[PDB]
Amino acid sequence: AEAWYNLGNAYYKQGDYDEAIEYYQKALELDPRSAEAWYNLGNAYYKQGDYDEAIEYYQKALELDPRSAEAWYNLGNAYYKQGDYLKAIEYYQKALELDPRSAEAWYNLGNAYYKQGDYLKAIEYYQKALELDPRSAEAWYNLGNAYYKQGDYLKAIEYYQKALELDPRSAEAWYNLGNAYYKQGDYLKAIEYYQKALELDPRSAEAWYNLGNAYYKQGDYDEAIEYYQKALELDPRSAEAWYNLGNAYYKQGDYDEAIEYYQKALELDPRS
Ligand SMILES: [Ca+2]
Ligand SMILES: [Ca+2]
Ligand SMILES: [Ca+2]
Ligand SMILES: [Ca+2]
Ligand SMILES: [Ca+2]
Ligand SMILES: [Ca+2]
Ligand SMILES: [Ca+2]
């Protein structure tokens, strides 16, 4: 059993998941009670996107070791990957009962609540995960986003700042820092933060368009036009950029130009 299992593991570690599977099977015919082999089998399926199979084998493992926090968690992950967040929540909770000091189970429960739209729970769970281990830029950023969804921009900012100390190349944190400053009425700081996100992701049509909107809302149509042009160079099929370009001309009293861009917007999308 064990030698076959160790063979499977060596294949797994080298990323040969199909070979790992063959050898874990061999080990399981010789010892059908090896929860370790079931779980690793499951993992080898998970690694190929075969979530139905992973789940089956994780359940076998849990039959033999119902106190495997690891199997409960990976079960939760398989359901998470399939977008069944209610199941993910159930299994992560089962994991956390067995291992209540797992930062990963707390964080992922936070993620699942976030995906369900329960930002209050996301918050409580992210917080517990960061208590246990504050080293992930991503977790601080997600915490910030949850506060953002709850309209607490002042907390959002604090946590974005924390994400950015840990990872100042996070374009996402700069961008959302920008949004939070935007909603607090600090648009020049917003623009600054959008520009920083733009330096790190200069090929994002959406980020250029966003910056154009920021300028437009300040009545700087000169700059608005320039940014929308940039967005459209990156994505000529953006009805939204075409439309807002038309709006920027509209606001400047150039109606022939507004018409041209509005017409382009409406050829791409005739609903509004
Ligand atoms: Ca395969
Ligand atoms: Ca299949
Ligand atoms: Ca299937
Ligand atoms: Ca299925
Ligand atoms: Ca155990
Ligand atoms: Ca599915
Ligand atoms: Ca210009």
Side-chain angles (χ1 to χ4, degrees), residues 2 5 9 17 21 31 33-106 108-109 112 115 132 187-188 191-192 194-195 198-199 202 205 207-234 241-242 244-254 257-258 260-261:
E2 180 168 17
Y5 170 79
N9 288 337
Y17 299 113
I21 288 170
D31 179 359
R33 326 283 297 148
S34 173
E36 287 80 6
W38 287 112
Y39 166 82
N40 278 345
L41 190 62
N43 287 344
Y45 279 101
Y46 182 103
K47 291 293 298 181
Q48 299 182 263
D50 296 353
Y51 300 124
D52 293 343
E53 295 87 357
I55 288 165
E56 287 311 307
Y57 293 134
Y58 294 151
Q59 283 171 341
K60 269 302 319 190
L62 286 170
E63 200 168 286
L64 296 164
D65 184 9
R67 301 177 187 79
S68 177
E70 294 86 12
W72 278 111
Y73 174 73
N74 277 0
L75 192 58
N77 288 335
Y79 277 110
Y80 189 99
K81 289 303 272 185
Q82 281 177 320
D84 184 350
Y85 304 115
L86 285 167
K87 276 308 201 67
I89 285 161
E90 168 181 41
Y91 295 136
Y92 288 155
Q93 283 174 2
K94 198 71 213 60
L96 277 165
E97 286 176 359
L98 293 171
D99 187 354
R101 277 172 315 121
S102 173
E104 302 80 359
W106 286 106
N108 277 351
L109 186 74
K115 287 290 201 187
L132 291 160
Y187 306 160
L188 308 195
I191 287 170
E192 173 197 353
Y194 294 150
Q195 286 174 341
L198 254 190
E199 292 174 38
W208 285 100
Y209 161 84
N210 185 64
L211 191 71
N213 296 336
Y215 280 112
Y216 176 92
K217 304 260 264 176
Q218 302 324 303
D220 182 0
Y221 300 130
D222 172 6
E223 263 66 52
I225 289 162
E226 184 194 355
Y227 296 127
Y228 292 142
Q229 285 173 334
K230 199 71 175 57
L232 287 172
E233 178 222 77
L234 288 164
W242 283 110
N244 279 358
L245 188 55
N247 287 333
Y249 278 106
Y250 193 99
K251 296 301 271 188
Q252 295 189 135
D254 196 323
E257 293 304 316
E260 272 156 36
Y261 297 132

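The chain is numbered in sequence order, starting from 1. Just so you know, ligand 1 is whichever comes first in the structure, and atom 1 is the first atom listed for that ligand.
Side-chain atoms of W72 come within 3.5 Å of backbone N or O of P66 as a donor-acceptor pair. In this structure, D50 contributes its side chain and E53 its backbone to no donor-acceptor pair below 3.5 Å.
The 12-atom threshold is not exceeded at NZ of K115, counting heavy atoms of other residues, nucleotides or ligands nearer than 6.0 Å.
Protein N/O/S atoms closer than 3.0 Å to the Ca ion (ligand 4), listed by chain and residue number, are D52 OD1, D52 OD2.
If you take CD on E104 and CG on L132, they are separated by 9.0 Å, rounding to the nearest 0.5 Å.
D52 and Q82 are linked by a side-chain donor-acceptor pair at a separation below 3.5 angstrom, with hydrogens and angles left out of the test. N40 and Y57 form no side-chain donor-acceptor contact under 3.5 Å, judged by distance and modelled atom types alone.
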